[PDB]
Amino acid sequence: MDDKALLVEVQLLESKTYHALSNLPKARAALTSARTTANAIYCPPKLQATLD
Amino acid sequence: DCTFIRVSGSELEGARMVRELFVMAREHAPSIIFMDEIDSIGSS
Amino acid sequence: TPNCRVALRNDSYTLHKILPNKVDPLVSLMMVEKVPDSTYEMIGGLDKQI
Amino acid sequence: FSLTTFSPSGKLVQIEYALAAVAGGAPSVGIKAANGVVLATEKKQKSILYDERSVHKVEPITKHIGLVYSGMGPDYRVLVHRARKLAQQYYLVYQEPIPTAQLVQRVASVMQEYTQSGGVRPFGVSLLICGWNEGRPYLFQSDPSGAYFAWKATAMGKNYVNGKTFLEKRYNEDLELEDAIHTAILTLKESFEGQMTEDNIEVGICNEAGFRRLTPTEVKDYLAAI
Amino acid sequence: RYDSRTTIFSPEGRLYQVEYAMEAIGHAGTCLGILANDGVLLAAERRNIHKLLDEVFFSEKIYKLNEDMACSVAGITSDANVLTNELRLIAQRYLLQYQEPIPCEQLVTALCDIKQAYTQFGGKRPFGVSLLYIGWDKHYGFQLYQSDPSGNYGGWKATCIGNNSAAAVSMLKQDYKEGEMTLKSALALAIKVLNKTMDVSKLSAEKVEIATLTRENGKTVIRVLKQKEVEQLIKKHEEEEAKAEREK
Amino acid sequence: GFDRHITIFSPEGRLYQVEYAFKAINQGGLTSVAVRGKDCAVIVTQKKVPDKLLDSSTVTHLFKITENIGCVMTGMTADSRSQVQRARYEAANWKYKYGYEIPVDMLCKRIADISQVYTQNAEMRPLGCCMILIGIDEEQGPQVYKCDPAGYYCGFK
Amino acid sequence: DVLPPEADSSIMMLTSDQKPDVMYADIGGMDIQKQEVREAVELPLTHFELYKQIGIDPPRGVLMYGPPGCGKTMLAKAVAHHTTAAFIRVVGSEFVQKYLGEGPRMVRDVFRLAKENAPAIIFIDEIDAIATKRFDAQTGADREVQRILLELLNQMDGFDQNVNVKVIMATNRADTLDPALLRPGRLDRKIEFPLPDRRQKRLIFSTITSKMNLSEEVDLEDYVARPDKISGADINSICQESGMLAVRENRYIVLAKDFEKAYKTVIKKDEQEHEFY
Amino acid sequence: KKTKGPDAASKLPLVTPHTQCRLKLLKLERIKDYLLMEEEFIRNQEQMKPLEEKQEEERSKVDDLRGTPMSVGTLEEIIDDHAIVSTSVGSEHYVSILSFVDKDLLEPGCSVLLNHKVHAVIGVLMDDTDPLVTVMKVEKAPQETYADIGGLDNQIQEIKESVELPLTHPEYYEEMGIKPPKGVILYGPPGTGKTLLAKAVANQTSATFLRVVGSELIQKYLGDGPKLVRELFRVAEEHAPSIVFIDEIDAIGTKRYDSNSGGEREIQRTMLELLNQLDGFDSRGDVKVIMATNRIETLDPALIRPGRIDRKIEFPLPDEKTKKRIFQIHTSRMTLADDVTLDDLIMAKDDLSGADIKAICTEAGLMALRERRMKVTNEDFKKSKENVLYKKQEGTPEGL
Amino acid sequence: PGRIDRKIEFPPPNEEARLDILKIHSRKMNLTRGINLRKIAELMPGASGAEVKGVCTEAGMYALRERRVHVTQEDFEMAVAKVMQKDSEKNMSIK
Ligand SMILES: Nc1ncnc2c1ncn2[C@@H]1O[C@H](COP(=O)(O)OP(=O)(O)O)[C@@H](O)[C@H]1O
Ligand SMILES: Nc1ncnc2c1ncn2[C@@H]1O[C@H](COP(=O)(O)OP(=O)(O)O)[C@@H](O)[C@H]1O
């Protein structure tokens, strides 16, 4: 599909759980994908803070 | 077993140049000399 | 043998040895190509044309 | 010369340039749902100096025919004024047919003074028209030179390509109720750069009851919970 | 200096603008008309079949232009719309004047006269559209006519006007048989030639639009074959293809 | 060519004639401001008077279009006067055709339509003068609008 | 004797490897495409074994015919560090000089430096205006440039996918380029890196102004919403220059005035979208 | 830099049958026996030497003084005793050469040797083999003869008279004191024009021939299209007086455009220079210029005038007998059939030219060789007509 | 002369020709056991052998990101999507 908010939230949660399990490189890859997806939403004030 | 001499034709003077490949550069009597799309328009 | 390379001398420039080809390796590829394979078996769909 | 002109060997170069201009940048999606049609568009005014209740992108040409457009708003006005006069003339001649959807196809066809008589310079706007006075809805597109296209869902903006891709992927579908306007707003979201709000987004709906340009109250209501 | 259009000759003496428009008519669109006893039919190729259309106009290429005829354009839709409107207006004006349906040849001559005028005088573009007509009259019965943007119409009985019109007409010449031709075998021939000229085999009934004109009891009936009938024709053609291929 | 010489669409998909005509407004050396308020609408432009042999009494760039609508022009003064005359004619003709006075938004819409006709066709040329017209409208408060050589009429506060 | 080193023979840059200058995701240009560039790094990112077996033929030549927008070198300074690989500036303008006889030799030497390190990428700059323009006739040393390009073609053909090194040219306009490099079989992947793309431009502004931690502690009332929605080109290079134009050290922070001055300097007035909309 | 070339080839083209038979075989045997005997004679003359005289006086005096190392450089100027030569890398030597000094072959602008050390000229390379700047005499005196083209007897007689006013009976208009280089202006359908070349080969049986086809609308600032052809027919006067065949260019390069000024310069330069060279009052020479074309209408008034450019000749389409003759010529090499299907292919034919005749003759052989390979393919009788249709005559929409 | 010998023209490949070109280009590569390459080519509207090559390399690249020797039909259809990105952009459809 082409949902974007759900994709950003899913990727951020995946990065969070990689960090919780100390999976740093996969966490970094997932976070980069999260940025690439999150370019779409222009002012998601909560979501941008979550990404940062 | 002739050649694969491939010249586009869109190279820019058009004189000379081709003379070498026409006779001397060939490097082989058998010669297919394939020219690409003829960039020279009708009446040029 | 013409169209090959040779070694010469310093002042009199007399021949030393008829060297193998040097012109061909240097400028082999200018705008031409020698024979590739690209056999007609790879050519397909155009049999009625070939 | 003084018509839709400049057609070379197998081309309509002036028309093609007009379409390049109608590429525009106002997304202006349209969706034909079972109950009715939604024409949503983006009103991204430069700065806060401009107003949003002053000028509109969605125009009710008649009782249940609503209209949205693309680039060249100055041309779009004139076009919508002509369309209103045409629908009114048809209604006056064929008196009292409450003509909207048996008139939506007809007004799309009379959108030939639209372009087949270009006027030296062809119009630079592609417009979506919605009607529901037949028991069934109708969404048509008229482009700076072509004719009625009879869409089910499309967009006419700067990112109309991926907008249409989004529409088909999100399955414009056929069972969708009238509240496919949520999907329309989603499609805009894709071709939108900002936290869209009630004045930022203008949408009209044409259902079997009639046509209506949704006020900022309802637009904000729909934008909430997205 | 001001721009002036080109409605002029060639140093040789050719109207190359008109010739370019006529050749461009081959580009885009595909229609074909086959004439047969007790029924003459048109087949059209649905160029754009995007799933986001609704098909509510009920007809894009085939246009009903009169009680006793129907046409099919293959040109720029902008000119096609106005030309069909003028054609219907001409036919109905004749009906008003003579209280009798207009003969197909007279209708086609009027239309080609208007196109000849458009290419003749003034700084006006030629009507870049070529169209077929199928009709029935009292004098000549079933008739088929093909008009090019040059205004030089021709009375055909099996022709095509689209992109691969050359291939379609070659197929028609190869598998056309006059006299024996009937409505059903005419339909088989039409679907066969359309399958030939449309590269994708097993043409969907949505990508093909066909309309048949038939003569009922003292009345002309122009029926646009709907999806089910078209695909049943497709199935019968497919059975014939499989049988012919396997019997070798 | 002549894409940039006549009012025709550019191959890139733009209209260069009106794009030029907008810069004609900047040409002429003047500026004008309009501010809508809580209840009033006030506009102001500088009065560039070179040498005092002129009549400062009549060098103005603001005019009454009707009894309640006031306009400020910006750009070439000849086109500015022509459009002011056209706006006054439109206001009077509107008051004649329909009893009530012409709303400022409607007047700006008609002026914009005239300008849009000008940018259409090729015989005439757009007028290089952007007009800011203001007026009090009932049930609306003060209202300010701007018609431009293109035909886009809007502008507020 | 034979001198082992080859890069410093004519300078022309050297081993930009083993050094994070701009990593990868830190770029402000997001993608433009960058997927064809990850495709181009697939060969440095091993995957030469996976090029076979699967039966694919990995690309070899990547020309980017874009203006200075996106940097056009933030992809080669990166990638080379994303997957550790040598990076060379080459610089076409410097190469065309009196050392046209040594031009062939320096091409051989740099090709040898690349072959020495299978993780290496050649990056050639400023081809369009000087190196082998095809529409203006040969003026004097232009034949020398053409011979140098011929030797470059000879070297790229002798490479013939012998190792996993990669070659990328960066050009503003590929029209004047010679067909020999342009034809498939020598260089295939053409990528265009367009202008800042106003949404992507705002993204670039955020990325750069964050690079220098919030523009070195910028004040809150500075937001780029106003100076970014200009529709005034302002390539990523100009964006970086504006970001560094916070060098006004009268105070320890940055205000919106600094951004306004940065946008005011070096700019061309382009406006008037309301007619089109 | 070029005077003549050694013509010791083209061994007796007159092989009478040109088809495999006893007569042709015997002619070839005599030819090869002559070759054998000539090789044997020269080899015996060179081997069984008349006398052994020292080092042929070569290595004794001149070879050693010439020396082992040498370098090649152009010879620039000439003085009474010394010679002024421009050797390599822009060197210049004024030295007298007395060993292997052949003054006639030396010439300015020719490659000579330099013995190094004490740099003085010691020899010349008369071969050189690089006179390639403008080459138009490479095809000089074409071997094509009258018999190659038939059925054009009137035109052949006319052109033969127009070009045999010189050579033959020059004293005629020498006593008449006119010496007219009028040239010949040739008409003809576009379907021919290489037929104009063929009728020019009749003259080309005598002296050389130069060709300028299409050239250009001499945008060149120096102009010098006609001026360089003037230099080249001066070169032809130095050689055997050659003709200049400017078919087509006399039409485009010299077009009767009603435009006066602001027009490609050729109208200024080219036509004026053409007239200047075509008037015998300016340039001498037995050079005869053949201005052929396929558009008589575009004849410029200057070219129109028989006063300077006389001998207007019209090339018409072939008649029935001319078609028979040309088809006989073209199919004679290929033994079309044993039924000799000759008149059926031309009796109803109209507007068929030499190029079409050659094309149909070639395509008949092509189609036979395709699969119908039967030597004198019996199918040829009707396949000559089959590829005589071949469509391709003309196609332009319908317009009718 | 030099062209009157022949004027042979190239017809764009039909659906079956495109199937044959698919076979030629995919004999070398590895893929799944089952594939309806005839339908795969027929899905491509017209195009050319260059486009068949593009589809083959796109299938290879798409299978690369999954890192498997068996190019699936889904990856193949993703490669068919390389015939897309051209379309007609805007629905001109003026004919
Ligand atoms: N994050 C970034 N994204 C894009 N561009 C950047 C970024 N950071 C810096 N740049 C700029 O990119 C520029 C590269 O420009 P340059 O190499 O001159 O262009 P070209 O490669 O076309 O010659 C640098 O000058 C730098 O200022
Ligand atoms: N009447 C003829 N007899 C013999 N050969 C001819 C005749 N006419 C033409 N040819 C040959 O055919 C060739 C083509 O002649 P022509 O028709 O003039 O060609 P084009 O139309 O291209 O000028 C000429 O080179 C000539 O050798």
Original post:
From the residues in region G:1-11 that are surrounded by fewer than 17 Cβ atoms within 10 Å (Cβ to Cβ) and of a type outside the set (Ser, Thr, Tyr), which one is farthest from residue G:76 (Cα to Cα)?
Top reply: G:1
Subject >> Any hit, region G:244-265, residues being away from ligand 2 (no atom under 16 Å from the Cβ), closer than 29 Å to residue G:62 by Cα, assigned to a helix (DSSP H, G or I) and not basic (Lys, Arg) >> reply: no
**OP:** Quick one: in region H:123-154, of everything that is away from chain C (no Cβ under 14 Å) and within 30 Å of residue C:12 (Cα to Cα), which residue is nearest to ligand 2 (Cβ to nearest atom)?
**Re:** H:131
Original post:
Of all residues in region H:335-367, how many are of a type outside the set (D, E, K, R), assigned to a helix (DSSP H, G or I) and either within 15 Å of ligand 2 (Cβ to nearest atom) or crowded, with 18+ Cβ neighbours inside 10 Å (or both)?
Top reply: 10
Original post:
Within region G:40-65, restricting attention to residues that are away from chain I (no Cβ under 12 Å) and in contact with a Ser or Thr (Cβ under 8 Å, 6 or more places away or on another chain), which residue is surrounded by the most Cβ atoms within 10 Å (Cβ to Cβ)?
Top reply: G:64
Subject >> Subset of region D:67-112 (residues that are closer than 19 Å to residue D:151 by Cβ and part of a helix (DSSP H, G or I)) >> reply: D:76, D:79, D:80, D:83, D:104, D:105, D:106, D:107, D:108, D:109, D:110
Original post:
Scanning region H:186-200 for residues that are under 12 Å from the mean Cα position of the chain (by Cα) and near ligand 2 (Cβ under 8 Å from one of its atoms), which turns out farthest from residue H:228 (Cα to Cα)?
Top reply: H:198
**OP:** Hand me the list of helices (runs of 4 or more DSSP H) wholly inside chain A holding 2 or more residues that are more than 12 Å from every other protein chain (Cβ to nearest Cβ) and under 19 Å from residue D:166 (Cβ atoms).
**Re:** A:5-20
**OP:** Return the residue satisfying two criteria in turn: it lies in region G:67-126 and is of a type in the set (A, V, I, L, M, F, W, C) and touching a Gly at 6+ places or on another chain (Cβ under 7 Å), and of such residues it is farthest from residue G:240 (Cα to Cα).
**Re:** G:95
Original post:
Which pairs do you get when a residue that is more than 10 Å from chain D (Cβ to nearest Cβ) and over 15 Å from residue E:148 (Cα atoms), found in region E:4-22, comes within reach of a residue that is aromatic (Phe, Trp, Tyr) and surrounded by 11 or more Cβ atoms within 10 Å (Cβ to Cβ), reach meaning Cβ atoms under 6 angstrom, with the pair 6+ apart or on two chains?
Top reply: E:10/E:16
Original post:
For region D:98-148, how many residues meet the condition of being among the β-branched types (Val, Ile, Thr), more than 14 Å from chain F (Cβ to nearest Cβ) and either within 14 Å of residue E:79 (Cα to Cα) or surrounded by fewer than 24 Cβ atoms within 10 Å (Cβ to Cβ) (or both)?
Top reply: 2
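For residue G:215, state whether it is crowded, with 17+ Cβ neighbours inside 10 Å and at positive phi.
Criteria met by residue G:215.
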Original post:
Which condition number does residue H:298 fail, the rest of (1) in a loop (DSSP other than H, G, I, E, B); (2) within 16 Å of ligand 2 (Cβ to nearest atom); (3) of a type in the set (S, T, N, Q) being met?
Top reply: (2)
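Where residues in region G:13-64 are assigned to a loop (DSSP other than H, G, I, E, B) and acidic (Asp, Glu), which of them is nearest to residue G:182 (Cα to Cα)? Even if it seems obvious, please write down each step before you answer.
Residues of region G:13-64 that are assigned to a loop (DSSP other than H, G, I, E, B), as a first pass: G:13-34, G:43-47, G:52-60.
Add one more test, that the residue is acidic (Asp, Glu), and what stays is G:17, G:21, G:26, G:31, G:57.
On the way: G:17: 28, G:21: 30, G:26: 31, G:31: 24, G:57: 18 Å.
So the residue we want is G:57.
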Original post:
Which one of the conditions (1) of a type in the set (A, V, I, L, M, F, W, C); (2) away from ligand 2 (no atom under 16 Å from the Cβ); (3) crowded, with 18+ Cβ neighbours inside 10 Å does residue H:329 fail to meet, given that it meets all the rest?
Top reply: (2)
**OP:** Among the residues of region E:38-73, write down those that are of a type in the set (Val, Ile, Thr) and within 14 Å of another protein chain (Cβ to nearest Cβ).
**Re:** E:49, E:56, E:73
Subject >> Filter result for residue H:291 (assigned to a helix (DSSP H, G or I), more than 30 Å from residue H:384 (Cβ to Cβ) and away from ligand 1 (no atom under 16 Å from the Cβ)) >> reply: no
Subject >> Residue count, region D:47-77 (criterion: more than 7 Å from every other protein chain (Cβ to nearest Cβ), of a type in the set (D, E, K, R) and surrounded by fewer than 24 Cβ atoms within 10 Å (Cβ to Cβ)) >> reply: 4
Subject >> Identity of the residue in region D:30-46, among the β-branched types (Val, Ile, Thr) and either within 14 Å of another protein chain (Cβ to nearest Cβ) or on the phi > 0 side of the Ramachandran plot (or both), that ends up surrounded by the most Cβ atoms within 10 Å (Cβ to Cβ) >> reply: D:37
Original post:
Taking region E:165-216 as the region of interest, how many residues are assigned to a loop (DSSP other than H, G, I, E, B), more than 14 Å from chain I (Cβ to nearest Cβ) and among the acidic types (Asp, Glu)?
Top reply: 4
Original post:
From G:131, G:114, which residue is within 16 Å of ligand 1 (Cβ to nearest atom), of a type outside the set (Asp, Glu) and either surrounded by fewer than 21 Cβ atoms within 10 Å (Cβ to Cβ) or away from chain B (no Cβ under 14 Å) (or both)?
Top reply: G:131
Original post:
Would you call residue B:21 assigned to a loop (DSSP other than H, G, I, E, B), of a type outside the set (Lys, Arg) and closer than 25 Å to residue H:133 by Cα?
Top reply: no
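For every residue, the table says whether it meets (1) of a type in the set (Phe, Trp, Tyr); (2) crowded, with 17+ Cβ neighbours inside 10 Å; (3) over 21 Å from residue I:92 (Cβ atoms); (4) in contact with a helix residue (DSSP H, G or I) (Cβ under 8 Å, 6 or more places away or on another chain).
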position	(1), (2), (3), (4)
E:58	yes, no, yes, no
E:77	no, yes, no, no
E:98	yes, no, yes, no
E:107	no, yes, yes, yes
Subject >> Test for residue H:107: is it surrounded by 14 or more Cβ atoms within 10 Å (Cβ to Cβ) and closer than 20 Å to residue H:4 by Cβ >> reply: yes
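Go through the residues of region F:43-62 one by one and say whether even a single one is of a type in the set (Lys, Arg) and assigned to a strand (DSSP E or B).
Taking every residue of region F:43-62 in turn, none turns out to be of a type in the set (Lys, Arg) and assigned to a strand (DSSP E or B).
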Subject >> Odd one out for residue I:46 among (1) exposed (fewer than 14 other Cβ atoms within 10 Å of the Cβ); (2) on the phi < 0 side of the Ramachandran plot; (3) away from chain G (no Cβ under 13 Å) >> reply: (2)
Original post:
Restricting to region G:14-39, what's the tally of residues that are of a type in the set (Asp, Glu), in contact with a helix residue (DSSP H, G or I) (Cβ under 9 Å, 6 or more places away or on another chain) and within 14 Å of chain I (Cβ to nearest Cβ)?
Top reply: 1
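Any residue at all in region H:384-396 that's assigned to a loop (DSSP other than H, G, I, E, B), among the β-branched types (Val, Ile, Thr), more than 16 Å from ligand 1 (Cβ to nearest atom) and within 30 Å of residue E:155 (Cα to Cα)? Full working, then the answer.
Residues of region H:384-396 assigned to a loop (DSSP other than H, G, I, E, B): H:390-396.
Still in the running and among the β-branched types (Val, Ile, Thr): H:396.
If we keep only those that are more than 16 Å from ligand 1 (Cβ to nearest atom) too, we end up with H:396.
Those still in the list that are within 30 Å of residue E:155 (Cα to Cα) too: H:396.
Yes; the residues of region H:384-396 include at least one that is assigned to a loop (DSSP other than H, G, I, E, B), among the β-branched types (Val, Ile, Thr), more than 16 Å from ligand 1 (Cβ to nearest atom) and within 30 Å of residue E:155 (Cα to Cα).
Cβ coordinates were reconstructed from backbone atoms using ideal geometry, including for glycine residues, and neighbour counts include every protein chain displayed. Just so you know, all these numbers are worked out from the coordinates, no wet-lab data involved.
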